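Asker: With the input below, show me the fold.
(2 chains, ligands or ions: 5)
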Amino acid sequence: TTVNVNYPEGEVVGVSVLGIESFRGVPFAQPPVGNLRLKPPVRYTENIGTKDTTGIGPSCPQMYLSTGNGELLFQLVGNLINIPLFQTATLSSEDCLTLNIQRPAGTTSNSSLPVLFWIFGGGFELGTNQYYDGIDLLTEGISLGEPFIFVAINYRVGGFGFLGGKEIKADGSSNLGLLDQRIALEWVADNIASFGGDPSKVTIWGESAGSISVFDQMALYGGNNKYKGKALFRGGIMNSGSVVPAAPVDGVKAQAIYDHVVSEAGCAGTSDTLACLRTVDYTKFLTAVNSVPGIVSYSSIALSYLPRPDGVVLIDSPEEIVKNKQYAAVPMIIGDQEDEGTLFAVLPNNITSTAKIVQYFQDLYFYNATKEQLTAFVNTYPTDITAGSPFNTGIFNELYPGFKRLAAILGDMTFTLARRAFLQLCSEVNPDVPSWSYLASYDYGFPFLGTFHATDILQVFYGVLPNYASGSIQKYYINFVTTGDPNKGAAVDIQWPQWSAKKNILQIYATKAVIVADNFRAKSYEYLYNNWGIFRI
Amino acid sequence: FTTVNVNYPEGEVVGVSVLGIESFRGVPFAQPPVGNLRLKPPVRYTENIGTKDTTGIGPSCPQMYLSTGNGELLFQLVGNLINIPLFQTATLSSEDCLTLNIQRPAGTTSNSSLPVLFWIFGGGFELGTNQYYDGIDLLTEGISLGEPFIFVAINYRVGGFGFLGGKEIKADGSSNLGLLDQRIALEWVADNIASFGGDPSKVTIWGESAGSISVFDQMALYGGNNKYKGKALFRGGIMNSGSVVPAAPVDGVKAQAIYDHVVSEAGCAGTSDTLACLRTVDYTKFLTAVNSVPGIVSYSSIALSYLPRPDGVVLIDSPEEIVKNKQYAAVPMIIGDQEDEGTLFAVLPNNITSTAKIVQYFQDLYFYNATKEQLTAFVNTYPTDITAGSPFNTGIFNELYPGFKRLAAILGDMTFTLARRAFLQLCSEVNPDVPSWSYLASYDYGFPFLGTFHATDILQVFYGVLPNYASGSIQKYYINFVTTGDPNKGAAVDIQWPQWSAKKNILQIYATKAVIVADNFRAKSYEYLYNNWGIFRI
Ligand SMILES: CCCCCCCCC(=O)O[C@H](COC(=O)CCCCCC)COP(=O)(O)O
Ligand SMILES: CCCCCCCCC(=O)O[C@H](COC(=O)CCCCCC)COP(=O)(O)O
Ligand SMILES: *[C@@H]1O[C@H](CO)[C@@H](O)[C@H](O)[C@H]1NC(C)=O
Ligand SMILES: *[C@@H]1O[C@H](CO)[C@@H](O)[C@H](O)[C@H]1NC(C)=O
Ligand SMILES: *[C@@H]1O[C@H](CO)[C@@H](O)[C@H](O)[C@H]1NC(C)=O
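Answerer: Residues are numbered from 1 along each chain as shown, chains lettered A, B, ... in the order given. Ligands and ions are numbered 1, 2, ... in the order given. What follows is the structure:
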């Protein structure tokens, strides 16, 4: 029970169980090590012959926790996991540019199935394809309706993926994680066909950083998603991310991280700082990049690492890119969990007032907004305990005072009201490029967090628990990849309306779904839309 | 997948034989402590339980990983989330937890008469279960050595289910329930192990941490009476990291305070019989209430909310007094420590950076019967020099925050490493003819910040990872001891392990080697503590 495949780069061996044949950790690019560290990936020139992917793939270097920032226990854990035994135990190395392919069983060079290409989210600091297993997701596609190929990729995070500033910029070494994603895609154009894939029936799916990534791909190179004269993908599914306004890669925040990253790495004062870092051994290296503030901190979503406009790969701030019609527009489904904020609001329990909230954004989030506007945006948000997230929970779930408020805010600005804003602009500049959006509520009443960020990965992606939300979301996605419309393919219980028609979205409870106005929290949404620019993070 | 089964006096169980080991997981040893039996001493089954499938994974007793009412906000949030029924179900955790696991070599019969190793898990009296202590590696080692045995790992109640104190608990006769679970389980073994191929007259009890402390408490129980039906329950003890823990009584100020708090959280305050309200509270609410108090993963650290406390019957007196008065069942024993016991415990309380601060911290949370003068004197036996502290012999390294190494050392010594020496000394005085062997584990030397830290023995010794000198020698020493009553008899050993009392020497075990050394390090600390053991009642 093993297989088999031969392709232009090489040939591969996979193991099939219960109707799915999976190849894990197939190489897609040169291992970005030695001098290739901190530089764009390169597709393999010379055929790599035969490798076993019977195994478990690697992960690129993780940043679960800061080695230099945060509370002391977290720093301690961050340093420890960084040691060689731990990385080895978990298979994490600079040698990460590999990918996973999972198929129905028996599929062949003529099978010509559509492609589902996943991008994991870890807030650009972590994540890997290791635990996203395609199986009953692919199983449902087979279980009825439409079979497909599943692709899960690995890409550089933290320092490896998204180091910033001056020096990186000159080298054209910006936004490597993005490039990794792009090169993976190109590999799909060339090689996926040997696997019985249909090229350019390719739909890209992402969550969190993955979702933000999907939009970034459409945006890449001023929106040209054309490889060898053919479109790289035909559709996009984004869960809980899309447009993110960021200051330029040349920017104060990015130059500073880079400056302390070096200082920690002892390449400082060297003539060529950048050149030097590729000098440094991996363990010392990981430790320096992870020195920065991390997601699991007070810093929260003011990420040390994210994509930043550089003007080639990422020519402009993403909101502007939409406005200027400089992205590849393709059919899309975009979603948010009802309570995206809550997880993010937990750590900064400092922030007990708008005046407090304001200073917080001003210290760390937006250097471009005056105290005047921010105070206005936040004020769009009530202090009322009832008004917060988890939404519709009354006086309950108030972890500390203002938590629900902050959660609503962090959740909105970044994701939920970020999404409609994308939708409105997308409707304006590319009307006639269809789109659908939804709200997840299947986890209502879960204490404190409600239907929180990344709840989907379980409920939808692994389909736990099995129920109305699972079958329904899946059917829609499965249909979408197969047909390019959520509603077409399989028979669907509720016809999911285009967002632009009546500005409606689907709201899915565990056992029910319904159609509602995507109009909530309008004044907050409105201030943001009118003012999206000052929120460049 | 081969099944195998055993008829025994209380029932029949079906187990599983894999790769030369037969395992029965989830064998009940006592009536479920639910309903009227929550917060009551364990009771043996009065009726045959029938035939049980033990082929699966067994349950755990309710856990207190993190506090629901104390500590950092994130921890509180997680502490509450763990308690929802969906997660409880997922981890097989409930009040119906009095079960044990049995593992034996394939082909064992009621005829076999093997030695029994009885394992008690440690979780600081707040957590832990037998679920993740599988004997296959240890057993595989014994079989390979020619000294096969039967492995028994128990569940016992922890936290508020097991160790709730206060006067009402005392009056009910319900103190130290978790110790009673362990004891009743020993009694089950005495009755029933022969059916499984085990010899009830050759039981060795072993534990780590709270389990270790628990081994001494078993020797201590009922004034040293370890006889059931006229025979000794165990013949030897192995203690890894912990032994004698001086404590204030079950109806003391700390204990009463914890109980009053739990009662208030549970909605039982002002009832005519509060301990009786507690039995009627819904499980989720009760769990939330017991876990309400300060947890081990907090600033309070090893000043535990739940622990064994003297009640006058089950535990007659504070444990140091018990040894002194020759009131424990003195059996051959092995006792040991990881070189750096306190490092893990000193991570959270990182505002404790000075002599004055350490003293304040102890006076506030730890020792209510010690003066500032006495504490300051004990603390001052520890240098402030970075080199002096723990992790030991690491020089200028590993100083997590200033004073961390000193605090780790103090925490390590009073609770563990120095207490062990004091115990050894007392026993030799009152029981000179009962042999003891001790050692210090250093196999993880150089590990950053923590060194050879608390519970490192679970990996190196219980699971034998990584395979090396340390694992082979210790396991072999332990296995011989289970088989013969001496760590040196049985399989041939590289280094003869001396009895402690001869020259007060111990084994220090490195990853690749072992050496004999004097148990006299940090003598001034030891001596103060030994001379003053009573003040440190927690
Ligand atoms: C080991 C836990 C994995 C199962 C979680 C079930 C989630 C999906 C399920 O369909 O929704 C829920 C499960 O419980 C939810 O309240 C949230 C729990 C998930 C968060 C876990 C961090 C289904 O519950 P129900 O409405 O009662 O059918
Ligand atoms: C998943 C890691 C499993 C290894 C456990 C190691 C047990 C002891 C080991 O044999 O020797 C230790 C392993 O590393 C230790 O320093 C500490 C690791 C344990 C910390 C776990 C949080 C060193 O052995 P060696 O390299 O042979 O000298
Ligand atoms: C919150 O604590 C942080 C820790 O970095 C510190 O910056 C600040 O004092 C607090 N922030 C606010 C807004 O109070
Ligand atoms: C303190 O010592 C007294 C004797 O003076 C004793 O009765 C009491 O129980 C002790 N208290 C604690 C907390 O050890
Ligand atoms: C340590 O900090 C805690 C807050 O977590 C505080 O309650 C306590 O008083 C402090 N102790 C010392 C000795 O500073």
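Asker: pretty sure residue A:96 is in contact with residue A:59, am I right?
Answerer: Yes - counting by C-beta atoms under 8 Å, residue A:59 is a contact partner of residue A:96 at 6.2 Å. Quick note: C-beta positions are derived from backbone N, CA and C, even for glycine.
Asker: any residues in contact with both of those two?
Answerer: Listed contacts common to residue A:96 and residue A:59 are A:128, A:154; contacts here mean C-beta atoms under 8 Å, 6 or more residues apart in numbering or on different chains.
Asker: Check what contacts stretch A:487-495 and list those residues.
Answerer: With contact meaning C-beta under 8 Å, 6+ apart, stretch A:487-495 is reached by A:144-146, A:472, A:475-476, A:478-479, A:482-483, A:486, A:496, A:506, A:513-515.
Asker: distance between it and the chain's centre?
Answerer: 27 Å (C-alpha atoms, centre = their mean, to the nearest Å).
Asker: one step back: now, among the contacts of stretch A:487-495, which is nearest to ligand 2?
Answerer: Nearest to ligand 2 out of those is residue A:478 (C-beta to the nearest ligand atom; 38.6 Å).
Asker: quick one: contacts for the closest one?
Answerer: Residue A:478 makes contacts with A:140-141, A:145-146, A:148, A:489-490, as judged by C-beta under 8 Å, 6+ apart.
Asker: about what we covered before: okay, and which of the contacts of stretch A:487-495 map to strands?
Answerer: Counting by DSSP state E, the part of these found in strands is A:506, A:513-515.
Asker: neighbour-wise, which of those leads?
Answerer: The most crowded member of those, judged by other C-beta atoms under 10 Å in any protein chain shown, is residue A:506 (24 neighbours).
Asker: contacting residues around that one?
Answerer: Contacts of residue A:506 were listed using C-beta under 8 Å, 6+ apart, and they are A:436-439, A:494, A:496-497, A:513-516.
Asker: Whichever of those residues count as buried, I'd like them selected in ChimeraX; how would that read?
Answerer: Applying 16 or more other C-beta atoms under 10 Å in any protein chain shown to the contacts of residue A:506, the buried members can be selected in ChimeraX as follows:
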select /A:436,437,438,439,496,497,513
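Asker: In a markdown table: the contacts of residue A:506, plus distance to residue A:224.
Answerer: Listed next are the contacts of residue A:506 as a markdown table, based on distance: C-beta to C-beta, whole Å:
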| residue | distance to residue A:224 |
| --- | --- |
| A:436 | 25 |
| A:437 | 26 |
| A:438 | 29 |
| A:439 | 33 |
| A:494 | 36 |
| A:496 | 30 |
| A:497 | 31 |
| A:513 | 37 |
| A:514 | 39 |
| A:515 | 36 |
| A:516 | 36 |
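Asker: Up against chain B, what does the stretch 401-537 of chain A have?
Answerer: With C-beta under 8 Å from any C-beta of the partner chain as the criterion, the stretch 401-537 of chain A meets chain B at residues A:447-449.
Asker: between the residues you listed, which is nearest residue A:278?
Answerer: residue A:449 (41.1 Å; C-beta to C-beta).
Asker: give me the number of residues near the closest one?
Answerer: When neighbours are counted by other C-beta under 10 Å, residue A:449 registers 23.
Asker: repeat for residue A:48
Answerer: Using other C-beta under 10 Å, residue A:48 is surrounded by 14 other residues.
Asker: Hmm, residue A:9 and it touching each other?
Answerer: Yes - using C-beta under 8 Å, residue A:48 is in contact with residue A:9, at 6.1 Å.
Asker: Overlap of the contact sets of those two?
Answerer: Common neighbours of residue A:48 and residue A:9 (criterion: C-beta under 8 Å, 6+ apart): residue A:27.
Asker: residues in contact with the closest residue to ligand 4 within chain A?
Answerer: Ligand 4 sits closest to residue A:73 of chain A, with a gap of 30.0 Å, by C-beta to the nearest ligand atom. Contacts for residue A:73 (C-beta under 8 Å, 6+ apart) come out as B:347-348.
Asker: For residue A:378, which non-adjacent residue is spatially closest?
Answerer: Nearest residue to residue A:378, sequence neighbours excluded (C-beta to C-beta, 6 or more residues apart in numbering or on different chains): residue A:354, at 4.6 Å.
Asker: do residue A:318 as well
Answerer: In this structure, residue A:318 finds its nearest non-sequential neighbour in residue A:243, 4.6 Å apart by C-beta to C-beta, 6+ apart.
Asker: so what's the one you found up against?
Answerer: Shown in contact with residue A:243 (C-beta under 8 Å, 6+ apart): A:212, A:215, A:318-319, A:322, A:418, A:421-422.
Asker: change it to 10 Å
Answerer: By C-beta atoms under 10 Å, 6 or more residues apart in numbering or on different chains, the contact set of residue A:243 is A:212, A:215-216, A:219, A:317-322, A:327, A:414, A:418-419, A:421-423, A:425-426, A:532.
Asker: so which of the contacts of residue A:478 would you say is closest to ligand 1?
Answerer: Taking C-beta to the nearest ligand atom as the measure, ligand 1 lies nearest residue A:140 of those, at 15.3 Å.
Asker: how long is stretch A:497-512 from one end to the other?
Answerer: Stretch A:497-512 has an end-to-end distance of 16 Å (criterion: C-alpha to C-alpha, to the nearest Å).
Asker: how many neighbours does residue A:117 have?
Answerer: Under the neighbour criterion other C-beta under 10 Å, residue A:117 is assigned a count of 28.
Asker: Helix, strand, or coil at it?
Answerer: Secondary structure state of residue A:117, per DSSP: H, G, I helix; E, B strand; the rest coil, is strand.
Asker: Report the separation between the residue nearest to it when sequence neighbours are not counted and ligand 1.
Answerer: Nearest non-adjacent residue to residue A:117, counting by C-beta to C-beta, 6+ apart: residue A:151, 4.4 Å away. With distances taken as C-beta to the nearest ligand atom, to the nearest Å, residue A:151 is found 25 Å from ligand 1.
Asker: now residue A:138
Answerer: Distance of residue A:138 to ligand 1, computed by C-beta to the nearest ligand atom: 20 Å.
Asker: Let me see the contact set for the nearest residue to that residue once chain neighbours are set aside.
Answerer: Spatially, and ignoring its direct neighbours in sequence, residue A:138 is nearest to residue A:150 (5.4 Å; C-beta to C-beta, 6+ apart). Residues in contact with residue A:150 (C-beta under 10 Å, 6+ apart) are A:20, A:22, A:100-104, A:113, A:115-118, A:132-135, A:137-138, A:141, A:205, A:481.
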